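Contents: one structure, followed by commentary.
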Ligand SMILES: Nc1ncnc2c1ncn2[C@@H]1O[C@H](COP(=O)(O)OP(=O)(O)O)[C@@H](O)[C@H]1O
Ligand SMILES: [Br-]
Ligand SMILES: [Br-]
Ligand SMILES: [Br-]
Ligand SMILES: [Br-]
Ligand SMILES: [Mn+2]
Ligand SMILES: [Mn+2]
Ligand SMILES: [Mn+2]
Ligand SMILES: [Mn+2]
Ligand SMILES: [Mn+2]
Ligand SMILES: [Mn+2]
Ligand SMILES: [Mn+2]
Ligand SMILES: [Mn+2]
Ligand code: NA
Ligand code: NA
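In PDB author numbering, the protein residues as written are 6 to 54, 61 to 179.
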């Protein structure tokens with residue numbers, strides 16, 4: 006089933022600003038519902054060990076999301092991963108980046124353990140999330156944006172708004 010609305014994915018390393026940006030979109034743009042996928046994964050135990064996610068866990072998540080994604084209205088999906096989702100769902104994929112100094116501080120203030128913080132810092136340096144998104148979706152719908160400041164966030168949301176209007 007083809008989506009009835011406009012669907013956006015916001016992805017990027019933990020701490021890059023996905024949830025913040027998705028909530029800005031849901032607040033500022035017309036008719037967007039935010040799906041915080043990490044919360045779905047927790048709430049529904051869509052994982053094997061919230062850590063290890065196996066093939067079957069992905070399948071169950073997708074079955075849960077499918078009816079939402081094809082429903083009327085617009086959706087802004089927020090998740091650190093992207094390869095798992097069908098290209099059918101999305102009209103835009105936004106990948107957020109953050110400078111290492113800014114990211115480190117966010118991860119500290121948000122209280123990640125030192126190991127998880129370092130793991131996430133390395134993932135950002137290695138461009139894991141961006142490479143995944145570019146491998147999984149058509150290059151023309153992928154927007155990559157530096158997201159260090161609130162001014163940057165707002166400008167990105169303006170670019171999204173412009174792109175959405177075109178799609179609409
Ligand atoms: N563009 C931005 N400019 C400044 N601070 C930001 C920005 N985006 C996010 N933040 C800060 O980083 C914190 C964590 O961001 P969050 O949206 O939770 O990231 P993610 O969902 O990618 O893990 C926010 O609570 C806020 O303090
Ligand atoms: Br809009
Ligand atoms: Br949600
Ligand atoms: Br997430
Ligand atoms: Br700022
Ligand atoms: Mn988040
Ligand atoms: Mn929300
Ligand atoms: Mn997860
Ligand atoms: Mn599968
Ligand atoms: Mn809907
Ligand atoms: Mn510790
Ligand atoms: Mn983490
Ligand atoms: Mn693909
Ligand atoms: Na791959
Ligand atoms: Na590749």
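Even for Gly, the Cβ is constructed at its ideal location relative to N, Cα and C.
Any 3 or more C-beta pairs closer than 8 Å across the region 138-153 and the region 73-89: The region 138-153 is not in contact with the region 73-89.
Contact under 8 Å by Cβ, residue 75 with residue 12: Residue 75 places its beta carbon 8 Å or farther from that of residue 12.
Nearest to residue 6 (by Cα), restricted to the options 78, 73, 37: Residue 6 has its Cα closest to that of 78, out of 78, 73, 37.
Cutoff 8 Å; reference residue 91; Cβ partners in own chain excluding five residues on either side: Once the five neighbours on either side are set aside, the close Cβ partners of residue 91 are 16, 17, 18, 19, 23, 43, 140.
Segment limits, beta strand (DSSP E) that includes residue 131: Run containing residue 131: none in the beta strand (DSSP E); it sits in the alpha helix (DSSP H), 125-136.
Secondary structure of residue 41, DSSP reduced to three states: Residue state for residue 41 is assigned as strand, using DSSP reduced to three classes.
Burial state of residue 63, where buried means 16 or more other Cβ atoms lie within 10 Å: By the Cβ-count criterion, residue 63 is exposed, with fewer than 16 other Cβ atoms from all chains shown falling within 10 Å of its own Cβ.
Three-way DSSP call (helix, strand, coil) for residue 70 in this model: The three-state secondary structure of residue 70, taken from DSSP, is helix.
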